[PDB]
Amino acid sequence: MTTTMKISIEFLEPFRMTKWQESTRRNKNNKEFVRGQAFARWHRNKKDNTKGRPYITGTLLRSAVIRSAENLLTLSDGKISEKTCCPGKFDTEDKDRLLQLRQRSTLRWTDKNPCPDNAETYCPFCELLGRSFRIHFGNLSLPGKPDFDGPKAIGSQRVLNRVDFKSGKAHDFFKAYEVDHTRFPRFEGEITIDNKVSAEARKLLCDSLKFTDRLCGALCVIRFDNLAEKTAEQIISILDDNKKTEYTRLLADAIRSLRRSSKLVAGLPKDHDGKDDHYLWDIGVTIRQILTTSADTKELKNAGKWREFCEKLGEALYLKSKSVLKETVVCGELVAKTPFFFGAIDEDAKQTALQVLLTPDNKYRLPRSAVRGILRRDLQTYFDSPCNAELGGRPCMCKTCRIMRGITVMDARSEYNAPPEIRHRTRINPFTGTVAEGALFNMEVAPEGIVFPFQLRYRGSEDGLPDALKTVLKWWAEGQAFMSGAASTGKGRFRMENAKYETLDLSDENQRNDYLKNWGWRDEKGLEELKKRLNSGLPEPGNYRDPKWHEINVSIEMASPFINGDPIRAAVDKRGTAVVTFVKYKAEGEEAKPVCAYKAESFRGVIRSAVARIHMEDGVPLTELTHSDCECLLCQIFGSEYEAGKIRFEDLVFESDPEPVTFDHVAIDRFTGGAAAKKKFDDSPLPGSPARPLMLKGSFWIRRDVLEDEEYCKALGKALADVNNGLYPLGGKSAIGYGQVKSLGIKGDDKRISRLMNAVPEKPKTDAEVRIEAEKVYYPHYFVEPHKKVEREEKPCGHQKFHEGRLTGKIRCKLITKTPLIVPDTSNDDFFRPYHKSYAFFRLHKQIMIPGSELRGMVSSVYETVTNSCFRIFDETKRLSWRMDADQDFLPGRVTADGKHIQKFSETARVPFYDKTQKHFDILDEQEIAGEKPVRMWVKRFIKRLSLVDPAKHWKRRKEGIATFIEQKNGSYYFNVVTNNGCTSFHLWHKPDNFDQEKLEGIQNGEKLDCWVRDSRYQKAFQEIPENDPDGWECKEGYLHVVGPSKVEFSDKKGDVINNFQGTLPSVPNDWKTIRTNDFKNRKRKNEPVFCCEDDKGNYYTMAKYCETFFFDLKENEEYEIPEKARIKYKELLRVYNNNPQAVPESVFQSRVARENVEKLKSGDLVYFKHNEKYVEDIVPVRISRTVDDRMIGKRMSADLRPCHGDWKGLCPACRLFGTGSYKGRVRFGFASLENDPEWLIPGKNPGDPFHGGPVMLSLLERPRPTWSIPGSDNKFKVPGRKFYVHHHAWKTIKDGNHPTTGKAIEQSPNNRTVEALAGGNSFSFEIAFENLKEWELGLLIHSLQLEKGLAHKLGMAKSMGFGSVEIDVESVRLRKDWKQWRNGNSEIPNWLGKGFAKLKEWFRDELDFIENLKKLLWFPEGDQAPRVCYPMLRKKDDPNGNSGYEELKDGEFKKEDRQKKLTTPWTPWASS
RNA sequence: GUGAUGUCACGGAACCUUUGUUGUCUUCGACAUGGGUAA
RNA sequence: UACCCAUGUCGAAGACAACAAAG
Ligand SMILES: [Zn+2]
Ligand SMILES: [Zn+2]
Ligand SMILES: [Zn+2]
Ligand SMILES: [Zn+2]
C-alpha cells in the first residue's frame, strides 16, 4: 500500500559528473571516488564498453532533502504543521557501513531528547529520516532512457586548481566532468511513500524538496506533481606534389585564422602583380580554389559549420606539420575592461598552446569556480590574514570561510561567440639581444568588452552583507576586479556594473513560505520577478579599505616608424606583405572591432629589461641571476616563476588611427653589388616622423606597497629616465630606425617615480692621388681585393649591461650630397607617369628623408672595407655557367636502361631532315624520330670529286683513272669512273669544271677518258640511297638524334639574309617536324640551307640548321658512369635552359630540352658528354651548349671572407658592430632628415609647388654578371673583391636624353626607370645610436662616416651612371656617462681616431694597401678634372665613339688573363681613345 | 544503476614567469642560342 | 676529322635563415 510521487530536477548551471569506476574502487579508501559523492554519476550498459547514461543517486537527493529539512526546522523552531519535531537522530552503530560521515555541524532547534529507538509514533523528522521502506528515493534518470557513446559525448573534463594566497601561484589541482544544462537540463525520478506515513511528514518532504537549491555542483529546481578530412587530404596532396611542404605550418595557422569568417577566402592576397601566383595560396587545382569551393558548399553556409571546418582543417594541417537567517541577492553585470584569459585546455586541440574556456556552443564562459576563488582572494586581502585551512575535515572558522559559506554565485556565459584571437609571444636572450631557443608560443585571448550576467546570494545571520564583502564589491565596482589569469600582461580586469541588492528575511513565516512556493526565484522565470524587487546600488562599507592597486598612466612620443609584427595576419591580409603590425579585437555587441595596439607583453619586457640593465645584485646583473628563490629587485617588482608580480602592464594603444605604410627592402650582395637572391621583402609598419610623432598612451597598475617604497621608486625612475633618453626603442626592427622613443612621461605617481626623469675636429686632408687623362675611358665599378686576415679574435659584448671603458651614446652627423641623389618610393610606380616605371622620392608624411636602412647599408659597406671583414651579404649557393664557342672533347652517347651509365657511340653523321632532298620524316615512326627504336640508314664518309685536267693552273692527292661517259643531263655530266687499276668503279655526276669542261666538251657515249679523283669529307647519312649518287654507301644501324630546328637567329630588325629572301615570308608552323628549308645563305654554291620566317611576337626568325644527327658504331663494351655531381650540373643546365629570359619566343625553334621542359636525365637519352677515367665530367644535350661550373661561387672566395654563420666560428668587427641572425647589433640608424628646402635636379611641371621635382630617365639598369669578373671555370679566377662604384659626372650627360656610353638617345622602355634626383648641395642631419662601443670602434666608425677631405660616399640608385655621391660630416657626439649625466665628446674625437688607426696598425702593420685602393675608389674628382666613365657596348659596331665593345674587349685589353688585375686596380682605363 | 537514522565538495582562480624578435642599401650590363663547311 | 663562327637581344630577385614552447 504505497503511492508514487514523480519528481523532476532542472539544472540552471552545468553540473558535475563523476568518472566511471568499477566496484573494486567504490570504497572509502579511494580519494577520487569519495570526492565525487556529491556529483552526478555515469552508468555502463556493459562494463566492457563505455556506452552508457548519466544518473543521479536517490541517496544524494535524500541527503540534500534532509539538510533542507534541518534548515527549515531551524527556521520554524522545530514546528511542522501542528507538531514539534525532535532534535533529529544522526547516530550509527556501525561507522564502517557508512561510506561517509557528516563532518559539518548539525543545526539545533530544540533541547529535547531525540525520539525513542522503538516507539508507537515518530515525529515527522524521524519519518523523513527513515526511522519510522516508508519513504524510498529512486534514482533520477534522463527522460526516455537515451544511450550515449560515452561521458565525453555529454560533457568535457576541466581542471580546477588551488592557488596560494601569498605567492599567487597554484600548488594543486583536480578535474571534473562538466555537463551543460543547455543539453541535459532535466532528470526524472520517483519517490515511493507508504500510506501509513503522517501528513506532516509529507508536508516536510515537500517543503524540503522546494528548499533544495543546489545539486551536483549546480543550482537546481525540483518539481513534483567528412568534408574537412577530404579537404585536408587534398591540400596535403597538393603540397606533396609541388614540394611545398615547408609552407605547411604557415598554411595551418593561416587557414585556422579563416575560422572567423568565410569572407576571408575571397580576401586572400594575390601575387605582387595582382595575378593568382601567390607563393602560399596559389601553390597548386590550387589551395585557393579548394577553399573557394569549400566556402560556398551548402553544408558550410552556417558560420558555426564554417568555423568547425576551419578548425578541423587547421588542426589536420598542424598535425601534418608535426532563528535569524537573511538572504541578500546582488544582481549586476561583470564587464571586461581588458582582455581576459580563463585557462582551459582541450586535449584534442593541439594547435594553440594556451586556450580559453568555452561552452559547447562556443560561448565565452565566466566559471563559478573562478569567481569564488577571486572572491576568497579579495576577502583575504581585505582582512590582511591568509586562510591557513587544509583540505578536508571540519570547516575552517576564519573570517573568510564564514563569509564564503553563505555565498552562491551563478555560472555565467556570454551571447558573444566569435572565436578568440591568437597572440604570439617570445622571450629574448639578454646577452645576444635575440630570441631564446624554444621561446615562441601562441595564446588564445578573449576580447575586452564582453558582458556577463552576475548573481550573488549571501545567506547569513547579519542584517545584510558583511563589511568585508561590501568592501570587496566596492573594489569590483571601481574596476579593480582581477578575475582571470595572465594578469601581469594586463589581462582579466573586470568592472561590476548595474548592481542591485535586496535582503529577504527567511525567519518570517510569510517570507519563508513565499520563498518556498516560488523556489527562491532562482529559475529564469523567477529571476524576472525577483529583479523587480531589487534596488539599485550597493551598500556602503563603514570600514572601507582602499584598493591595493594603483593606476599609473604612460605617454610615449616616438618620432619614428613602429611595428609590433604579426606574420600570420600578413599571410591572410589582402595586401601581400611579409609582416604587419599587431592588431587586437574588442567586443561590441556581437561584433569585433580591430584596433592597432602595442602588446602588453612587449612593453612589459622592454620596461623589465630597462630596469634590469642598470641594476645589479651582489655584483651580478639581475639578468644573469637564475631568479630562483631570491629577493632581488627584479623579482620584487615583476615577479618570477615562484610568485606573482606586483606590476601589471596593459596594452598601449596609439592615439588616432594611423594607417600603416609599405616599405620595401632588398639585401645587396657585397660582391655583385646587386640584389641578393630571394632577399627581396616588404614591411608594413605604422608611419612615424618628427613632423607627426606617434603618441602611444596606456596604463599599468602597480601595487601600493611598491609605490610607497623608496628603493623601488628610484629603480623604476632611473629605468624610465633611460627609456626617456631614447635608450630603449619600442617594437621590432629598431636597427633601421624604427620605434625610437623621443620622450616618456608617467602620471599618477605623485612624482615619486618621475622625480628622477629630467668644436668637432676638422676633417684630415687626404693623401690619395688619382691621375686622370682626358682621352682614357674608365670603368663604372671596381673591386677592392680584401686582406686575407679578417679578425675573428674578439668576442661580442653582451647587451645585458653597460660596461666600464665602453662608450654609449649618439652621433649626430651632417650628410651632404655632392651629386644628384635618388632614393625611390616604390609603393607607387606612376608618380611622374600618367609599362615604364616612375618612382617618387622617398617621403614620410610628405617629408623628404633617407631611411635608416640605406644609410646603414652604405656605412656598413664602407666599414667592412676600412676594417677588413666578411662579405656580410653573398649568395654562396649560386652556380656559375658559361657558353661554349665554335672551337671537340664531347663525344656522343646514350644513357642506358639503368640510368647511371652512358655508352659511347664511335661515330656521328649529319642526316638532312629539314631540306627537300629526303623523305625521312615520312618514312620514320615517332619512336624512331624520338631515338627509342634503332634505325638502319646508309652512311657515306667520303665523297669523290674529279678533275678532267691533270692538277695544275691552281688536291695534292689525286688518283688517275678512266672515266666512261654515261650521259649528260641538267647541264651536269654523268660518268662511271674506274680507278685503282679497276679495283674501284663508281657512278658519279660531275659539275662542269671551269676552264676544263670546255676542252673535253665532246660527248661520246661509252667513251673512255682520263681523270683524276680526290676524296673529300662528306659525312652524311640517308635512310634510302639517293639516286644521284648510288655508290659508296654503307648500311649502318644506329639511333637518330633529333633535337629540332634549334639553331635560330631572331631579330627585331630585318637581317641581311632574310632581307634578300625572295618571295613572301611564311608563318611559323606549330609542328616543328613540318619545318622545311626555304632559302640558302650562300645561293651560289647551294649550301648553308636556311628557313626564314616572320612573326609578330619574335619578329624575324632565321633557322640555319638542316641536319639532325645519326649516332652509330655504338661501343656496348665501353660505358661511363654518371656521378651525382654530373647529374646536378646537368640539372642546373636544364633549369638555365628552361629559365631563360632571352629565349626565342617560339618553342618550335627551341631544342627538345627547352621546348618540352626536360627536368631530369632519364634512360635512353642521346647526349654529348666529356669524361675522365670511367666517370662523366660534363653532359650537354646539343652540339654547342652550356658549360656548368663544378663548385659554388662561394668556394671561389677565401673562407675567412664568407658571411659569418653565428653559432658562436666567431664574428668579424663589422658583423660584431652591425649584428647577425644570432647576435643583435649595437648600432641603430635613424632616418636622415633634409635640413632645408631642396635644390632639385629637375623642376616639375607645376611651378606652384617647388618642393616636387621633374622626371628623368635612367638607362637600363641590368643584372650584375659575375661571369665577367670571373672569366671562366679556371681556379685561377677568384672573387676579385668588394664592388665599389667610382665617382664621375656622367649625371650631367645623362641629365639630357644622352646614353652614357653612346649618347645617341635614351627612349622610354618597359624595363627602365624614371626618377627625381636631389641635386648636389642637399643637406641632411641624422643620428646613429650606439651602445657599448670601444674607443677604436668609435674612431673607425667616425672614420667610415667622415672619410677624409677629398673623399665621398655613394648612396642610392644608379651608382654606375654617376648618381649618389654624398659626403658625411660628424657634427656632435653625446656620451652616456651615467643615467643622469651626459657630456660631449668632441674633445675626445682625436683620441678616438688615433686609437682606431693604431688598432688598424696592430691588425695590419703595413698591408693597408686595401685602404688606399678603397680611398682611390672613394676619391672625388678635383677642380678642372673630369674623368669619363661608362660601360662598354656589346660590340664596336654599336658604339658611335668607336670604342671596343665587350666582344672586342674579352680578347685584348680585358682578356681572360688580365681582366681581374684590370678590375682590381682602381681607375683603370678600358679605352685609350 | 542509490541505500537510507550522519555526504560543508558553492571546501579548491589552471594560477605564476617570458619583448614576434635578430640579420638584410629597392638594388643593378654583358650575356642568350647551335651549328655550318669541306665543288 | 678539320676548320669557321654567326645572330642580337634581354629583365632578375618577390622573401630567405632561425626559433614553433618551456620552466
Ligand atoms: Zn524524532
Ligand atoms: Zn578559512
Ligand atoms: Zn630574482
Ligand atoms: Zn661577418
Side-chain angles (χ1 to χ4, degrees), chain A residues 68 71-72 74-77 105 107 211 213-214 219 323-334 368 371-385 387 395-410 412 452-481 483 494-516 518-522 526-547:
Chain A
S68 297
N71 294 345
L72 292 172
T74 296
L75 292 181
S76 294
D77 202 11
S105 297
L107 292 190
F211 200 60
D213 56 329
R214 71 198 72 263
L219 295 175
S323 189
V324 181
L325 190 67
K326 305 188 184 67
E327 189 172 8
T328 301
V329 191
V330 187
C331 290
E333 287 97 33
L334 292 175
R368 169 213 91 192
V371 177
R372 279 189 63 93
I374 297 304
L375 264 177
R376 176 177 301 274
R377 179 203 63 184
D378 282 356
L379 292 170
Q380 292 172 108
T381 302
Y382 165 94
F383 284 119
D384 202 13
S385 60
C387 173
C396 174
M397 296 302 301
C398 77
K399 303 175 183 180
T400 283
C401 281
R402 293 170 186 174
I403 301 174
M404 292 304 297
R405 265 187 290 276
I407 284 298
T408 282
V409 182
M410 282 208 57
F452 295 94
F454 172 81
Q455 185 182 352
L456 179 145
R457 297 204 179 193
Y458 175 81
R459 191 172 287 175
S461 60
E462 300 91 6
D463 196 2
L465 302 178
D467 278 353
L469 191 51
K470 295 179 178 180
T471 308
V472 165
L473 294 186
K474 182 173 176 182
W475 292 351
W476 291 11
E478 299 167 345
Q480 300 222 10
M483 300 286 190
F494 286 81
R495 184 179 295 185
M496 184 180 179
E497 295 174 351
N498 297 260
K500 308 179 180 182
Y501 71 101
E502 168 197 3
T503 315
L504 302 84
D505 187 9
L506 294 180
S507 307
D508 187 12
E509 300 84 9
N510 299 122
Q511 282 289 341
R512 180 166 62 259
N513 293 332
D514 193 11
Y515 190 92
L516 291 178
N518 301 313
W519 281 266
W521 307 277
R522 57 181 170 267
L527 276 180
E528 174 190 6
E529 306 291 335
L530 175 70
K531 290 177 184 179
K532 295 183 177 62
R533 301 159 56 180
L534 298 170
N535 306 126
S536 299
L538 290 172
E540 288 297 322
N543 306 94
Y544 170 71
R545 284 176 164 88
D546 294 359

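In the text below, chain A, chain B and the rest are named by the order of the sequence lines, each starting its count at 1.
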Distance-minimising heavy-atom pair for [X] and [Y]:
{"X": "A/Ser507", "Y": "A/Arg512", "result": "O-NH1, 2.9 Å"}
{"X": "A/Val330", "Y": "A/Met496", "result": "CG1-CE, 3.6 Å"}
{"X": "A/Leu375", "Y": "A/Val472", "result": "CD2-CG1, 3.8 Å"}
{"X": "A/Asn543", "Y": "A/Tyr382", "result": "O-OH, 3.6 Å"}
{"X": "A/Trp521", "Y": "A/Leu530", "result": "CB-CB, 3.7 Å"}
{"X": "A/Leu75", "Y": "A/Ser323", "result": "CD2-O, 3.5 Å"}

Is [X] reaching over with its side chain to a backbone N or O of [Y], donor-acceptor style, under 3.5 angstrom?
{"X": "A/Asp514", "Y": "A/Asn510", "value": "no"}
{"X": "A/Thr328", "Y": "A/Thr503", "value": "no"}
{"X": "A/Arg457", "Y": "A/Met410", "value": "no"}

Distance in Å, [X] [atom1] paired with [Y] [atom2], rounded so as to fall on 0.5 Å steps:
{"X": "A/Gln380", "Y": "A/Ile403", "atom1": "CD", "atom2": "CD1", "answer": "10.5 Å"}
{"X": "A/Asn71", "Y": "A/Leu506", "atom1": "CG", "atom2": "CG", "answer": "9.5 Å"}
{"X": "A/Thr400", "Y": "A/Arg376", "atom1": "OG1", "atom2": "CZ", "answer": "7.0 Å"}
{"X": "A/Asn518", "Y": "A/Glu529", "atom1": "CG", "atom2": "CD", "answer": "8.5 Å"}
{"X": "A/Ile407", "Y": "A/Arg372", "atom1": "CD1", "atom2": "CZ", "answer": "7.5 Å"}
{"X": "A/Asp467", "Y": "A/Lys474", "atom1": "CG", "atom2": "NZ", "answer": "11.5 Å"}

* Side-chain contact test, heavy atoms from C-beta onward, threshold under 4.5 Å: evaluate it for A/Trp476 versus A/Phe454 and give yes or no. => yes

* Can you find a pair of side-chain heavy atoms, one from A/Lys500 and one from A/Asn535, that are under 4.5 Å apart? -> no

* Structure fact -> Contacts of A/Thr74 meeting side chain to side chain donor-acceptor pair (under 3.5 Å) (sequence neighbours excluded), chain-then-number -> none

* A/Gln511: side chain to side chain donor-acceptor pair (under 3.5 Å) partners, not counting sequence neighbours -> none

* Got more than 12 heavy atoms from elsewhere within 6.0 Å of CG, A/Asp508? -> yes

